[PDB]
Amino acid sequence: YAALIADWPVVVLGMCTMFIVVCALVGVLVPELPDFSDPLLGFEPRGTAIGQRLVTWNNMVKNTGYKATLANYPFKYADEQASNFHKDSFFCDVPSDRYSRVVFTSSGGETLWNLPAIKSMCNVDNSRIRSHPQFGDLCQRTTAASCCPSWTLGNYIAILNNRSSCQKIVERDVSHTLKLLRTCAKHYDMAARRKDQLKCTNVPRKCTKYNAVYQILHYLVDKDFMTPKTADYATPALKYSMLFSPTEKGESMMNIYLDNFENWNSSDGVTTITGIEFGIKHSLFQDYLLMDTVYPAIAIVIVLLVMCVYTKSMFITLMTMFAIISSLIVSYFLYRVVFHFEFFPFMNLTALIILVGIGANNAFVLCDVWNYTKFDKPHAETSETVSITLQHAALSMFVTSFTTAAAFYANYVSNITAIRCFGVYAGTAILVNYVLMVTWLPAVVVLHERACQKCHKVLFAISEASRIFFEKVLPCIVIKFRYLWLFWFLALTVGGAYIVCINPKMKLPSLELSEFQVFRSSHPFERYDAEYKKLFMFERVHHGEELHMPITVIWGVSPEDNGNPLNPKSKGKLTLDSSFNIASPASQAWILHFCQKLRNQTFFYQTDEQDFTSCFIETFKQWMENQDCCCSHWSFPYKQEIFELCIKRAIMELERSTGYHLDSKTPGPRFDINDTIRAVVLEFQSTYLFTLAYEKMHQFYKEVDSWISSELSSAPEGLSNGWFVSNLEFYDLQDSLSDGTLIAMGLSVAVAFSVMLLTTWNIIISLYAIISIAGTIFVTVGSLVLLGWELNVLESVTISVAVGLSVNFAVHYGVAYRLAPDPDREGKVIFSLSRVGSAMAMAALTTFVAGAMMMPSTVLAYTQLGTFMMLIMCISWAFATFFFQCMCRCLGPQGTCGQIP
Ligand SMILES: CC(C)CCC[C@@H](C)[C@H]1CC[C@H]2[C@@H]3CC=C4C[C@@H](OC(=O)CCC(=O)O)CC[C@]4(C)[C@H]3CC[C@]12C
Ligand SMILES: CC(C)CCC[C@@H](C)[C@H]1CC[C@H]2[C@@H]3CC=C4C[C@@H](OC(=O)CCC(=O)O)CC[C@]4(C)[C@H]3CC[C@]12C
Ligand SMILES: CC(C)CCC[C@@H](C)[C@H]1CC[C@H]2[C@@H]3CC=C4C[C@@H](OC(=O)CCC(=O)O)CC[C@]4(C)[C@H]3CC[C@]12C
Ligand SMILES: CC(C)CCC[C@@H](C)[C@H]1CC[C@H]2[C@@H]3CC=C4C[C@@H](OC(=O)CCC(=O)O)CC[C@]4(C)[C@H]3CC[C@]12C
Ligand SMILES: CC(C)CCC[C@@H](C)[C@H]1CC[C@H]2[C@@H]3CC=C4C[C@@H](OC(=O)CCC(=O)O)CC[C@]4(C)[C@H]3CC[C@]12C
Ligand SMILES: CC(C)CCC[C@@H](C)[C@H]1CC[C@H]2[C@@H]3CC=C4C[C@@H](OC(=O)CCC(=O)O)CC[C@]4(C)[C@H]3CC[C@]12C
Ligand SMILES: CC(C)CCC[C@@H](C)[C@H]1CC[C@H]2[C@@H]3CC=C4C[C@@H](OC(=O)CCC(=O)O)CC[C@]4(C)[C@H]3CC[C@]12C
Ligand SMILES: CC(C)CCC[C@@H](C)[C@H]1CC[C@H]2[C@@H]3CC=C4C[C@@H](OC(=O)CCC(=O)O)CC[C@]4(C)[C@H]3CC[C@]12C
Ligand SMILES: CC(C)CCC[C@@H](C)[C@H]1CC[C@H]2[C@@H]3CC=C4C[C@@H](OC(=O)CCC(=O)O)CC[C@]4(C)[C@H]3CC[C@]12C
Ligand SMILES: CC(C)CCC[C@@H](C)[C@H]1CC[C@H]2[C@@H]3CC=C4C[C@@H](OC(=O)CCC(=O)O)CC[C@]4(C)[C@H]3CC[C@]12C
Ligand SMILES: CC(C)CCC[C@@H](C)[C@H]1CC[C@H]2[C@@H]3CC=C4C[C@@H](OC(=O)CCC(=O)O)CC[C@]4(C)[C@H]3CC[C@]12C
Ligand SMILES: *[C@@H]1O[C@H](CO)[C@@H](O)[C@H](O)[C@H]1NC(C)=O
Ligand SMILES: *[C@@H]1O[C@H](CO)[C@@H](O)[C@H](O)[C@H]1NC(C)=O
Ligand SMILES: *[C@@H]1O[C@H](CO)[C@@H](O)[C@H](O)[C@H]1NC(C)=O
Ligand SMILES: *[C@@H]1O[C@H](CO)[C@@H](O)[C@H](O)[C@H]1NC(C)=O
């Protein structure tokens, strides 16, 4: 093979170039452009035995009945034969959470009860919001000039006074309202009085305006809550104050934020803006993404310089960077076209950075080996030199790349879709980059055969410095101490294990699915949702608003998920039916007995006022004991000939008599299009309060499912029947994250250990390598959990990639343990050090820098990836070198080897 790369470089160069050009061209032309519109799109498990039920339930809700061509699941249609408002008080409506808002703080002295702060609120509202051309104002009064007031606290100060305006303040109404709140705050024990002209019930005081006090304490500023155990001084300090806006929130608002809020720190010296809610956190996202392609580019540039210092040429560095980019391109082509599945979950974006930190990890090695094979046997042909260097470097480069490739492929086990796609893409990228490192680089190396004094002398100075560093002093500083490092790293390993296994481990996520932190942790959009949603009362009351958890039993459809689950488009499913029957009287009696028994439990909650949300057979039987209509005065289980008609007549009569809305969620039995009772749906109220934690939800699900699983029913409606499905999907996400992470970590560790054992043929060295990998994993994850982290759809992949990146700085030191000198421990170490220390140090430094350049970004994935890469590379290099070399006091010259070659 070596004869090919020799004397024929341009051939393979042109061939690879044409292959890459056609690959890029097809991959750009044929498939469609990715969306990036939704930052979170694949974060839903599939085929987890609960995701199937959630999908089937959401499909059942989708196909509601319609008066005109229901076309599926109508309620009764085939047989159906039909033939506040005042404009006074300057305000439109009570405050709600469907209007845009901001929050002011950061005053001098931490107190805003003063004319400056209120006037600044009014001024910034008039300047940054009203001045922009806007048509979203309510304009309750037909006059556009009186569209709506600014809704500040000064407006309430004014309306509590006789003269009302945003500007004209007397400074006496301020003190009046301060005393008013100081004396009537204890009444908040009360609710909205609706003081149009007076209130009905016995009120605490008859000096209440149109819900003035209740609004100012409930919806507006509520930091202190005005009921603490502080001093009797009627002047307490308030921290944060919220200000609404009459216009609605949504994608329409985004324009305003583009113009006035991006660059401006604070409008006034006395007030600032520390939290904003316009409802555009997930729509603006895409834009910032583009704005943060600066930091990657710079990183790439820096990398080049480093290589241009190590490999003295620039040709090699340029061709290596081209090889990496080419690998990304051809990997995308293999991803979208031949593999045939279509989804680009934006996590693949953060793949680029990773590859830049791993593509060079081999280049150096190759070049290095070449130079060595050039020092020995100087007078030689290119073919034999190429064959020698290939035999010396190919196996090591393949092990180094394939371990990480396997670690990235092992994420094809988890159920989430984003993780699956990211794993497949990154694995293919790494393997293709290895193939290019084996084919493209030898060609360019062979082909490369070709104030100067100052640059040359300083470069030689740097070269001799690096040589004397990695050749003399590092072996001494590593092998002389030899006892501080052992105990130090054992202490660090034990501490990491204690932080991962005993003291607070990686807590499962707590924010809801719709409120994932996507931007930086200091952006206004994120600071609001992190703190001020929890510090204000009008949203804290909704937070855990005593919502009980429902049950749901369905017999019609079958829990069958068929939506191309193999990396789906995350779209497209289908419903279906079954072959049971509910017509037999035995089935009716069994349903009655099932309801009677299910009410005899400890998880069922009782309310005494259920009309129809409970079982329908009970309400139907209650509709009996009547006549003059046909069937009356019979036994309970009927011959179903009358029942087929009575079940329509009764449901029609009841839906006519009561029920303003009974569609798409109510437990009424579901008919087919023409004539039958296809599906039935029962629901009950439980007593578990819908916590957001994991343990309680797990307990509830396990208990209710284990109880309802026992059916022992008639032949019809017994199979495909159980179908307990509550609103538990966040618990599904948490469980899927946990299981996927565990299994992927296990597989990655197994592959790493197997490859490390098969590459050296020595168990004594494999054991030390395993100890080092374990220590690195433990310390890295301990540091990550100390900084404050939690399992998400990124850290779950990072934990698995850490194992793959760990063995890198150990396979090389194990391979470099094959040499001529005999001495067991104090020998055969300086050789490996002086030979591979420079390569390992440079290979770690380049990815350290390429990861550290991501810190100033704004998107959160970039920051997290940067800090993780920095941490893992520092810790892995330190452990590998110091530990692995220092713990070589236990190996001899013929400890152990393999049996048969
Ligand atoms: C598509 C891009 C990204 C890669 C293109 C790769 C090749 C088509 C190019 C890249 C650099 C080129 C080389 C740049 C310089 C030279 C030296 C040139 O000879 C001289 O400069 C004369 C003096 C001497 O040889 O001493 C002969 C062509 C050659 C080998 C070129 C051959 C074609 C090469 C390998
Ligand atoms: C240094 C070399 C070897 C690699 C460079 C990698 C990146 C820094 C490059 C590759 C893709 C480039 C992007 C390709 C396309 C676009 C869209 C382009 O969009 C517009 O010009 C929008 C305005 C308009 O179209 O009128 C702006 C530059 C940008 C983000 C480019 C920015 C620079 C990127 C990220
Ligand atoms: C150690 C390494 C070399 C092992 C192989 C790793 C990857 C090359 C493999 C692992 C799992 C594979 C995937 C497993 C299953 C599928 C579904 C498969 O579906 C079909 O073939 C559908 C055919 C049709 O109906 O048209 C397409 C390839 C794909 C994505 C595979 C692509 C190649 C993958 C990523
Ligand atoms: C992997 C990173 C570290 C390097 C840079 C690559 C990406 C960050 C670049 C390459 C392609 C770029 C995209 C190319 C085209 C578009 C479409 C563009 O669409 C619109 O402006 C409107 C679309 C519509 O609504 O129809 C928005 C920016 C976006 C997503 C760009 C965002 C930035 C992207 C993803
Ligand atoms: C799909 C295409 C474009 C690329 C496929 C990759 C092959 C071109 C690579 C993959 C692994 C390579 C092999 C890896 C290692 C060796 C051992 C090497 O052994 C020697 O020359 C021994 C020299 C000595 O005695 O020191 C000979 C080349 C060879 C077979 C390599 C030949 C090129 C191979 C087959
Ligand atoms: C290889 C090393 C780095 C560990 C990698 C995994 C850990 C970083 C994470 C992933 C899954 C996590 C677990 C996911 C779920 C749970 C159950 C959770 O259970 C409860 O809260 C109590 C009720 C119960 O025991 O189920 C306690 C934390 C724990 C063990 C977590 C502990 C930390 C784990 C093992
Ligand atoms: C190279 C290898 C050796 C690295 C380490 C891999 C495993 C040996 C680690 C990774 C995750 C660890 C687990 C993380 C969390 C737990 C839960 C812990 O139990 C609880 O937290 C129970 C809490 C409760 O009572 O609700 C017991 C240890 C265990 C199983 C740990 C056992 C050791 C595990 C499997
Ligand atoms: C022989 C020497 C050169 C070895 C050096 C390697 C370790 C001793 C270093 C490298 C990574 C360092 C860690 C990187 C990050 C952190 C997290 C950091 O966390 C916090 O500061 C938590 C509190 C907070 O900031 O809110 C505490 C220090 C620590 C554990 C560092 C401790 C020292 C570590 C383990
Ligand atoms: C051995 C030689 C060749 C290199 C040694 C490099 C270190 C001495 C320096 C150079 C780059 C430095 C980093 C450059 C940028 C940052 C980001 C910086 O970020 C913040 O302060 C976070 C701000 C926030 O919380 O928003 C923290 C320090 C850090 C990691 C620096 C840590 C110290 C580093 C690694
Ligand atoms: C070995 C030779 C060839 C290269 C050595 C490079 C380092 C000496 C320098 C050059 C570029 C530096 C980086 C340039 C920019 C930044 C971003 C900077 O970001 C912040 O300070 C974060 C601010 C924030 O929190 O918003 C942190 C230091 C860092 C990583 C620097 C760390 C030190 C680096 C890598
Ligand atoms: C000089 C080099 C060769 C050896 C010593 C390196 C340490 C001084 C570096 C390595 C990792 C660094 C840490 C990497 C990341 C962070 C997170 C950073 O906080 C953020 O930017 C936000 C993090 C987040 O949001 O998750 C604060 C600095 C810190 C602890 C860095 C502190 C300095 C550390 C320990
Ligand atoms: C203040 O109150 C008096 C009597 O209650 C009323 O006549 C007067 O109009 C009020 N002030 C203003 C500016 O309306
Ligand atoms: C914000 O920066 C501007 C100049 O860019 C400055 O005039 C203003 O005083 C700053 N804000 C504060 C609160 O000082
Ligand atoms: C359920 O309620 C009480 C005991 O909880 C009992 O009198 C009644 O008979 C029970 N019903 C059934 C069907 O067991
Ligand atoms: C509608 O129901 C009638 C019942 O007799 C049946 O004959 C017919 O095939 C049904 N049509 C469809 C499209 O299911």
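Here is what the cut-offs are and how they apply
- Residues numbered from 1 in each chain as written, not as in the entry; some residues may be left out.
- Chains lettered and ligands numbered in written order.
- Heavy atoms only, no water.
- Residues with missing side-chain atoms left out of burial classes, pairs and counts.
- Helix = DSSP H or I, 4+ residues; strand = E, 2+ residues; numbered from the N terminus.
- Expected span 1.5 Å × (residues − 1).
- Buried < 20%, exposed > 50% of the residue type's maximum accessible area, 1.4 Å probe, protein only.
- Arc of directions from axis to C-beta.
- Contact = heavy atoms within 4.5 Å.
- Near = heavy atom within 4 Å.
- Polar contact = N/O pair within 3.5 Å; in protein donor to acceptor, adjacent residues only side chain to side chain.
- Areas by Shrake-Rupley, 256 points an atom, 1.4 Å probe, with all protein chains shown as cover.
- Nonpolar A, V, L, I, M, F, W, Y, C, P; charged D, E, K, R; others polar.
- Salt bridge = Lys/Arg side-chain N within 4 Å of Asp/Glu carboxyl O.
- Patch = residues over 30% accessible without salt bridge, like charges linked within 9 Å, V, L, I, M, F, W, Y side chains within 5 Å.
- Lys, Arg positive; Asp, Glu negative; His and termini not counted.
- Charge placed at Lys NZ, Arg CZ, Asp CG, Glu CD.
- Domains from an automatic or database assignment.
- Axes fitted to C-alpha atoms, helices over the stretch in contact; angles between N-to-C directions.
- Parallel < 35°, antiparallel > 145°, perpendicular 65-115°, else oblique.
- Left-handed = near helix turned anticlockwise from the far one by under 90°.

Method of determination, as given in the entry header: cryo-EM; reported resolution: 3.61 Å.

Colleague: I would appreciate a short explanation of helix α16 (residues 484–501) in the present structure.
Modeller: Residues spaced three or four apart along an α-helix point in a common direction, a consequence of the helix completing one turn every 3.6 residues. A rise of 1.5 Å per residue sets the reference length of α16, with its 18 residues, at 26 Å; its end C-alpha atoms lie 26 Å apart and thus fit the reference within 8%. Listing the buried residues of α16 in full gives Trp 485, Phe 489, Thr 493 and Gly 496. Take α16 and look down its axis: the buried residues cluster within an arc of 65 degrees, on one side only. Facing away from the buried side of α16, by more than 90 degrees, are the exposed residues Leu 484, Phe 487 and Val 494. Those residues of α16 that are buried are in contact with α15 (452–479), α24 (763–787) and α28 (860–886).

Colleague: Whenever I open this one, the site of ligand 11 confuses me. Can you help?
Modeller: Around ligand 11, the neighbouring residues are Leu 787, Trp 789, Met 855, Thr 867 and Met 870. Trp 789 has a polar side-chain atom sitting 3.3 Å from an oxygen atom of ligand 11. Bound to the protein, ligand 11 loses 40% of the 750 Å² it would expose on its own. Considering only residue class, the shell around ligand 11 consists of four nonpolar, one polar and no charged.

Colleague: Could you clarify how one ought to interpret the pattern of salt bridges in this entry?
Modeller: Note that side chains of opposite charge can pair when their charged atoms are close. As enumerated under the stated definition, the model contains 10 salt bridges in all. Notably, a salt bridge pairs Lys 648 with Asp 675, separated by 2.8 Å at the nearest N-O pair. With a gap of 27 residues between them, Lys 648 in helix α21 (residues 643–657) and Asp 675 in the loop between β5 (670–671) and β6 (677–679) connect regions that are remote in the sequence. The partner of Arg 889 in a salt bridge is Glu 826, with the nearest N and O atoms 2.7 Å apart. Note that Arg 889 is positioned in the segment after α28 and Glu 826 in the loop between α26 (808–815) and α27 (830–852), a separation of 63 residues in sequence. For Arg 889, a relative accessible area of 21% corresponds to the partly exposed category. Here the residues in one salt-bridge network are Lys 281, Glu 526, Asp 529 and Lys 533, joined through shared partners.

Colleague: Teacher, can you tell me more about a positive patch on the surface here?
Modeller: Positive charge collects at one region of the surface, where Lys 62, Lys 569, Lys 571 and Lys 573 lie side by side. Among the structural elements, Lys 573 can be located in the loop between β4 (553–554) and α19 (585–598).

Colleague: Could you clarify how one ought to interpret the domain arrangement of the chain in this entry?
Modeller: Where interface size is given, it is often the accessible area lost as the parts come together that is meant. Taken as a whole, the chain is organised into domain 1 (18–31 + 295–449 + 476–505 + 732–886), domain 2 (48–83 + 550–554 + 583–727) and domain 3 (99–281). Taking the mean C-alpha position of each, domain 1 and domain 3 sit 55 Å from one another.

Colleague: Could you clarify how one ought to interpret the packing of helix α2 (residues 9–29) against helix α14 (residues 417–447) in this entry?
Modeller: Pairs of packed helices are described in terms of their axes, by the angle between the two and the distance that separates them. With their axes 9 Å apart at the nearest point, α2 and α14 run at an angle of 140 degrees to one another. When the axis of α2 is compared with that of α14, the two are oblique. Both α2 and α14 take part in a crossing whose hand is left-handed. Together, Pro 9, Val 10, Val 12, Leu 13, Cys 16 and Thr 17 of α2 and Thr 439, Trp 440, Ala 443 and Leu 447 of α14 make up the contact between the two elements. When the residues that make up the contact of α2 with α14 are grouped by side-chain class, the tally is eight nonpolar, two polar and no charged.

Colleague: Please clarify how the environment of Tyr 332 should be interpreted in this entry.
Modeller: As for its position among the elements, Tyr 332 is in helix α11 (residues 315–338). The spatial distance from the C-alpha of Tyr 332 to the C-alpha of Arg 205 is 71 Å, given a sequence separation of 127 residues.

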